[PDB]
Each structure stands twice: as C-alpha cells, then as structure tokens.
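Just the one chain here, laid out as structure tokens, in the form solved without its partner chain.
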C-alpha cells in the first residue's frame, strides 16, 4: 500500500466515512463531517501510523486529505 492509500485509510477510519468520500481535495470538516475533536484525534492517529511527531504549527494547516498526504510524504520516518 502506498503512503497516499494508507493516509486515506486512516482518515476514513478516524472520521468514520466511506472510502469513496475520501477524495484528495476533500475537507475533513466541510466534506467528511468531522468535528474539531475528531481532527485532533486524526492528527494523533497519523502520528502513530507513520511514526512521526507533527508540530502544532503544521497540524493546524492539515484540513484536507491532500494536506495530510503532503505532510506525511514530506516527513518520512
């Protein structure tokens, strides 16, 4: 599985949304129905899956599927 696929799987599992909705340009809140508690938990889940620490300054900008993919691809453990 690629990084893109694994990031999308984490997002779908954390947010409780079907795979078809997890398009690259989808917004967690606006498209995937997330609340802000969920987005914090999603960031934590990405840290565990990819063994990486995400600083707040960057976490705050992770609001779409693509932004999460880009963060993880750009910080490979």
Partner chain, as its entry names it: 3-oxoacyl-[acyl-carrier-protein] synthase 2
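Positions refer to the first chain, counted from 1.
Higher mean CA B-factor, judged across 49 to 57 and 63 to 71 from the recorded values: 49 to 57. Placement of the Cα temperature factor of residue 14 within the chain: lowest third of the modelled residues, per the deposited record. Per the deposited record, the Cα B-factor of residue 34 falls in the middle third when ranked against the other modelled residues of its chain.
The entry lists a Cα temperature factor for residue 40 that places it in the highest third of the chain's modelled residues.
Not pictured, yet referred to below: the form deposited with its partner chain bound.
Taking the partner from elsewhere, no residue among 67, 70 and 77 has a non-hydrogen atom within 4.5 angstroms of its partner chain in the bound PDB entry. Not displayed here, its partner chain is approached by residue 41 to within 4.5 Å at the level of heavy atoms in the bound PDB entry. Contact annotation for residue 53: at least one heavy atom lies within 4.5 Å of its partner chain in the bound PDB entry. Taking non-hydrogen atoms only, residue 22 never approaches its partner chain to within 4.5 angstroms in the bound PDB entry.
Under a 4.5 angstroms non-hydrogen atom cutoff, its partner chain in the bound PDB entry has residue 47 among its neighbouring residues.
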